[PDB]
Amino acid sequence: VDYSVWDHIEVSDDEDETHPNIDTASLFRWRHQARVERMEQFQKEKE
Amino acid sequence: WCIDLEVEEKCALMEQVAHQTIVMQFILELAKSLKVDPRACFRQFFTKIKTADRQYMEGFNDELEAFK
Amino acid sequence: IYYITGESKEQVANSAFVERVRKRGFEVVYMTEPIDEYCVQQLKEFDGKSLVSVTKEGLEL
Amino acid sequence: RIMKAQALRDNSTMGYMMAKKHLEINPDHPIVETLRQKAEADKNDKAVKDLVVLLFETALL
Amino acid sequence: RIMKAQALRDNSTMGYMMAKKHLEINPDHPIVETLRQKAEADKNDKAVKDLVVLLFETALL
Amino acid sequence: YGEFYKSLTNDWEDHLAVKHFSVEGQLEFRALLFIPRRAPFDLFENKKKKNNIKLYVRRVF
Amino acid sequence: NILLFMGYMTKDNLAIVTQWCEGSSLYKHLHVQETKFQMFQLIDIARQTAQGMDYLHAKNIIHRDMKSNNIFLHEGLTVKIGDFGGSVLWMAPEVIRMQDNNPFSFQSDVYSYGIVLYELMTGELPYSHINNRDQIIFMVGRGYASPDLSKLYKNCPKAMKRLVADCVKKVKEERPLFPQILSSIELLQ
């Protein structure tokens, strides 16, 4: 019964990992931005 | 039905009309007093220990039995 | 977008802040619920247009 | 006051629940003494009608 | 009005979120025109001081 | 205790008061209960009650 | 017959959707209005934002142009980093130049933290009297400029004013010190 396919998932808009010294609503939009830019550089690497 | 045999009827079955009618008639008065359906508003409120069930129930049992 | 918040529709509609914007043919939004304050704190603009309170200093018409 | 200020009012039910007012007058007071003397001199006086409301509003506040 | 009426909010720290009241007068309206005539004769006259508290109270209300 | 409270709570200040006791019988628990000197900023704002009493068995959390 | 005993004694609500304070920018707090708090609170909001930056940088997350405005100050001892924020930029010279198009490295934000720490210490813009746009752009980009220590408050003790002076010296340096900066400021409290 291997569950290793589920081991690592990235979720922007997660309330369980907001730092208390940061505006929570700023961090979600800011963490979403990093995901999309990482993906676009990897799409460019495929080109 | 409590009207049906008022001359002759046995106490237990009419005391159950008292119970049914007081509980339902209170609900219907609240359903006029509010927007609610009598299925949506509900007998969770019958848990209350309050004197308004005990004193008033027997007062109206006497009134509604005696007058007819 | 011009708006005003208060205890009821008619109390807002009669309120002393509103006469000039009515006379000049503008449209005032009425916001008559306690929860409106909490959404208006965050809805600073709509469709690129800012929301301006009729009951604040520096009101530009 | 408090119920009207709640964010999650459930406003229809409270609109039924709000309880009604009784007005109390001070028999010894120059105002009540005067208003009575005025209302006894003319029961239908428009001045006592205009008075009774102005007086009443002050007591709401 | 709404923040003052909350059951479980500490309003002691309101000092940074309470706004300050700016009073505005109708230059056209008779009472304010008369008040510049009244104030003209004596700047220190208490009778005009007494209006500017009564009018303020009436405007607050 | 006073330095333990600061260690458990990350507070600067010394505890307001302490209870320390042991319950006998089949349930053998020991407990410290500290009252803070000043109420925490977010005492009611949180989604759920924020970790105030921590449960240990044989000194592992 | 059916009329009496009307009163119905319903439930009451105590659940509150607590308002959040619209935070001030430090520009709002320092220049644009001049709202005053005791210097220990100013060092506390430095610690609070340094913890925020420390918790942040552990995730390889970089926002360019960290500034005194994009931070918000709220009710209680409460200061908290945001994104809302010619225009008033603060920069490491590596970012200014055309040379490398991703000047993404953490040191930039550390030095930009050092700039906002000097805003906390000065309560007035760095370079506010010294320059117009040509000199402040050119001399900084050439690595050839410093804001004056004249505006940095002498009500600070030696411990933190020296650490802030090291926050000027970091322009010369490549050191991503944030957890150790955090240790240093924390312990110096």
# chains A, B, ... in the order shown; residues from 1 in each chain; ligands from 1
$ interface_residues --of "chain D" --to "chain E" --cutoff "8 Å" --atoms "only C-alpha atoms" --output "ChimeraX atom specification"
/D:1-2,5-6
$ write_last_selection --atoms "C-alpha atoms" --output "PDB file, in the first residue's frame"
ATOM      1  CA  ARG D   1     -28.663  49.026  20.986  1.00  0.00           C
ATOM      2  CA  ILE D   2     -26.351  46.017  21.196  1.00  0.00           C
ATOM      3  CA  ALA D   5     -24.980  46.667  16.247  1.00  0.00           C
ATOM      4  CA  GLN D   6     -24.203  42.953  15.724  1.00  0.00           C
TER       5      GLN D   6
END
$ select_by_dssp --residues "chain F" --states "alpha helix (DSSP H)" --output "NGL selection string"
:F and (2-9)
$ residues_around --residues "residue 55 in chain G" --least-positions-apart "2" --cutoff "10 Å" --atoms "only C-alpha atoms" --output "PyMOL selection string"
(chain A and resi 18-22) or (chain G and resi 49-53+57-59+61+178-179)
$ write_last_selection --atoms "C-alpha atoms" --output "mmCIF file, in the first residue's frame"
data_model
loop_
_atom_site.group_PDB
_atom_site.id
_atom_site.type_symbol
_atom_site.label_atom_id
_atom_site.label_comp_id
_atom_site.auth_asym_id
_atom_site.auth_seq_id
_atom_site.Cartn_x
_atom_site.Cartn_y
_atom_site.Cartn_z
ATOM 1 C CA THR A 18 1.348 31.672 7.641
ATOM 2 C CA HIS A 19 4.111 33.383 9.684
ATOM 3 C CA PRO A 20 2.658 35.542 12.548
ATOM 4 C CA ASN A 21 4.929 38.554 11.708
ATOM 5 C CA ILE A 22 3.695 38.802 8.049
ATOM 6 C CA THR G 49 9.917 42.481 11.411
ATOM 7 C CA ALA G 50 13.311 40.788 11.704
ATOM 8 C CA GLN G 51 11.509 37.570 12.834
ATOM 9 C CA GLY G 52 9.125 38.008 9.853
ATOM 10 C CA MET G 53 12.094 38.399 7.453
ATOM 11 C CA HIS G 57 14.022 34.000 3.845
ATOM 12 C CA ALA G 58 14.110 30.344 4.992
ATOM 13 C CA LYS G 59 11.760 29.654 1.967
ATOM 14 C CA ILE G 61 11.370 34.004 -1.127
ATOM 15 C CA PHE G 178 19.307 37.390 9.096
ATOM 16 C CA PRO G 179 19.044 34.642 11.839
#
$ closest_residue --among "A:14, A:23, A:2, A:7" --to "chain G" --atoms "only C-alpha atoms"
A:23
$ residues_around --residues "range 36-52 of chain F" --least-positions-apart "2" --cutoff "7 Å" --atoms "only C-alpha atoms" --output "list in words"
residues 15, 16, 34 and 54 of chain F; 18 and 76 of chain G
$ write_last_selection --atoms "C-alpha atoms" --output "PDB file, in the first residue's frame"
ATOM      1  CA  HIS F  15       3.133  35.128  36.370  1.00  0.00           C
ATOM      2  CA  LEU F  16       0.067  36.771  38.051  1.00  0.00           C
ATOM      3  CA  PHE F  34      -0.812  30.124  35.549  1.00  0.00           C
ATOM      4  CA  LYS F  54      -0.812  21.345  26.747  1.00  0.00           C
TER       5      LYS F  54
ATOM      6  CA  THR G  18     -13.336  41.133  14.963  1.00  0.00           C
ATOM      7  CA  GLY G  76      -1.186  46.693  20.047  1.00  0.00           C
TER       8      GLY G  76
END
$ select_by_dssp --residues "chain F" --states "strand (DSSP E or B)" --output "ChimeraX atom specification"
/F:17-22,30-35,57,60
$ residues_around --residues "residue 24 in chain D" --least-positions-apart "4" --cutoff "12 Å" --atoms "only C-alpha atoms" --output "compact mmCIF listing (two decimals) with N, CA, C and O atoms, in the first residue's frame"
# COMPACT_ATOMS: atom_id res chain seq x y z
N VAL D 32 -45.64 69.72 32.59
CA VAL D 32 -46.84 68.90 32.65
C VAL D 32 -48.04 69.71 33.15
O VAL D 32 -49.12 69.63 32.58
N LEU D 55 -41.70 67.14 23.05
CA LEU D 55 -41.42 66.65 24.36
C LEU D 55 -41.09 65.16 24.30
O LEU D 55 -40.13 64.70 24.92
N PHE D 56 -41.83 64.38 23.58
CA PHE D 56 -41.70 62.96 23.50
C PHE D 56 -40.33 62.58 22.94
O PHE D 56 -39.66 61.70 23.48
N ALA D 59 -37.49 62.64 25.37
CA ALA D 59 -37.49 61.50 26.26
C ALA D 59 -36.94 60.23 25.60
O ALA D 59 -36.40 59.38 26.30
N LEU D 60 -37.05 60.05 24.28
CA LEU D 60 -36.39 58.93 23.60
C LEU D 60 -34.89 59.04 23.82
O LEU D 60 -34.26 58.11 24.31
$ residues_around --residues "residue 12 in chain A" --least-positions-apart "6" --cutoff "7 Å" --atoms "only C-alpha atoms" --output "PyMOL selection string"
chain A and resi 28+31-32
$ interface_residues --of "chain E" --to "chain F" --cutoff "12 Å" --atoms "only C-alpha atoms" --output "ChimeraX atom specification"
/E:6-13
$ write_last_selection --atoms "N, CA and C atoms" --output "mmCIF file, in the first residue's frame"
data_model
loop_
_atom_site.group_PDB
_atom_site.id
_atom_site.type_symbol
_atom_site.label_atom_id
_atom_site.label_comp_id
_atom_site.auth_asym_id
_atom_site.auth_seq_id
_atom_site.Cartn_x
_atom_site.Cartn_y
_atom_site.Cartn_z
ATOM 1 N N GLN E 6 -19.637 46.277 20.607
ATOM 2 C CA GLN E 6 -19.173 44.880 20.590
ATOM 3 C C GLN E 6 -19.061 44.292 22.003
ATOM 4 N N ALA E 7 -19.494 43.049 22.210
ATOM 5 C CA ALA E 7 -19.441 42.409 23.526
ATOM 6 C C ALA E 7 -18.016 42.065 24.000
ATOM 7 N N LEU E 8 -17.100 41.687 23.097
ATOM 8 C CA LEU E 8 -15.807 41.058 23.447
ATOM 9 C C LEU E 8 -14.569 41.706 22.787
ATOM 10 N N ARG E 9 -14.671 42.971 22.367
ATOM 11 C CA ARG E 9 -13.560 43.785 21.847
ATOM 12 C C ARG E 9 -13.115 44.805 22.893
ATOM 13 N N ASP E 10 -11.814 44.855 23.159
ATOM 14 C CA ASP E 10 -11.171 45.877 23.990
ATOM 15 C C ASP E 10 -11.038 47.212 23.238
ATOM 16 N N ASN E 11 -11.951 48.157 23.479
ATOM 17 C CA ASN E 11 -11.919 49.460 22.809
ATOM 18 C C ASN E 11 -10.879 50.434 23.402
ATOM 19 N N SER E 12 -10.163 50.120 24.478
ATOM 20 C CA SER E 12 -9.177 51.024 25.089
ATOM 21 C C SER E 12 -8.111 51.515 24.103
ATOM 22 N N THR E 13 -7.711 50.646 23.168
ATOM 23 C CA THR E 13 -6.748 50.928 22.092
ATOM 24 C C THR E 13 -7.364 51.609 20.849
#
$ closest_residue --among "B:3, B:21, B:54, B:36" --to "chain D" --atoms "only C-alpha atoms"
B:36
$ closest_residue --among "C:45, C:61, C:24, C:15" --to "chain E" --atoms "only C-alpha atoms"
C:15
$ closest_residue --among "G:9, G:73, G:3, G:120" --to "residue 52 in chain B" --atoms "only C-alpha atoms"
G:9
$ residues_around --residues "range 59-62 of chain B" --least-positions-apart "2" --cutoff "10 Å" --atoms "only C-alpha atoms" --output "PyMOL selection string"
(chain B and resi 14-15+17-19+22+54-57+64-67) or (chain G and resi 1-2+4)
$ interface_residues --of "chain B" --to "chain D" --cutoff "12 Å" --atoms "only C-alpha atoms" --output "mmCIF file with C-alpha atoms, in the first residue's frame"
data_model
loop_
_atom_site.group_PDB
_atom_site.id
_atom_site.type_symbol
_atom_site.label_atom_id
_atom_site.label_comp_id
_atom_site.auth_asym_id
_atom_site.auth_seq_id
_atom_site.Cartn_x
_atom_site.Cartn_y
_atom_site.Cartn_z
ATOM 1 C CA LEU B 30 -44.904 30.961 17.828
ATOM 2 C CA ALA B 31 -45.389 30.158 14.077
ATOM 3 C CA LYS B 32 -47.864 33.122 13.865
ATOM 4 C CA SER B 33 -45.444 35.164 16.053
ATOM 5 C CA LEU B 34 -42.467 34.413 13.695
ATOM 6 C CA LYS B 35 -41.919 33.273 10.029
ATOM 7 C CA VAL B 36 -41.225 29.628 10.975
#
$ atom_distance --atom1 "CA of residue 41 in chain B" --atom2 "CA of residue 29 in chain B"
11.9 Å
$ atom_distance --atom1 "CA of residue 92 in chain G" --atom2 "CA of residue 112 in chain G"
7.0 Å
$ interface_residues --of "chain C" --to "chain D" --cutoff "10 Å" --atoms "only C-alpha atoms" --output "list in words"
residues 7, 33, 34, 35, 36, 37 and 38 of chain C
$ atom_distance --atom1 "CA of residue 110 in chain G" --atom2 "CA of residue 163 in chain G"
13.1 Å
$ interface_residues --of "chain G" --to "chain E" --cutoff "10 Å" --atoms "only C-alpha atoms" --output "mmCIF file with C-alpha atoms, in the first residue's frame"
data_model
loop_
_atom_site.group_PDB
_atom_site.id
_atom_site.type_symbol
_atom_site.label_atom_id
_atom_site.label_comp_id
_atom_site.auth_asym_id
_atom_site.auth_seq_id
_atom_site.Cartn_x
_atom_site.Cartn_y
_atom_site.Cartn_z
ATOM 1 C CA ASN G 13 -25.347 35.517 20.048
ATOM 2 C CA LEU G 14 -21.739 36.281 21.257
ATOM 3 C CA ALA G 15 -19.784 35.364 18.031
ATOM 4 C CA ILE G 16 -17.757 38.422 16.812
ATOM 5 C CA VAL G 17 -16.083 38.944 13.369
ATOM 6 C CA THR G 18 -13.336 41.133 14.963
ATOM 7 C CA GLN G 19 -12.224 44.182 12.889
ATOM 8 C CA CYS G 21 -6.784 47.686 12.201
ATOM 9 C CA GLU G 22 -5.798 49.280 8.875
ATOM 10 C CA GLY G 23 -2.024 49.461 9.595
ATOM 11 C CA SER G 24 -0.008 52.661 9.062
ATOM 12 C CA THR G 35 2.953 59.546 15.741
ATOM 13 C CA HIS G 74 -1.484 48.040 13.800
ATOM 14 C CA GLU G 75 -3.288 48.189 17.205
ATOM 15 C CA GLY G 76 -1.186 46.693 20.047
#
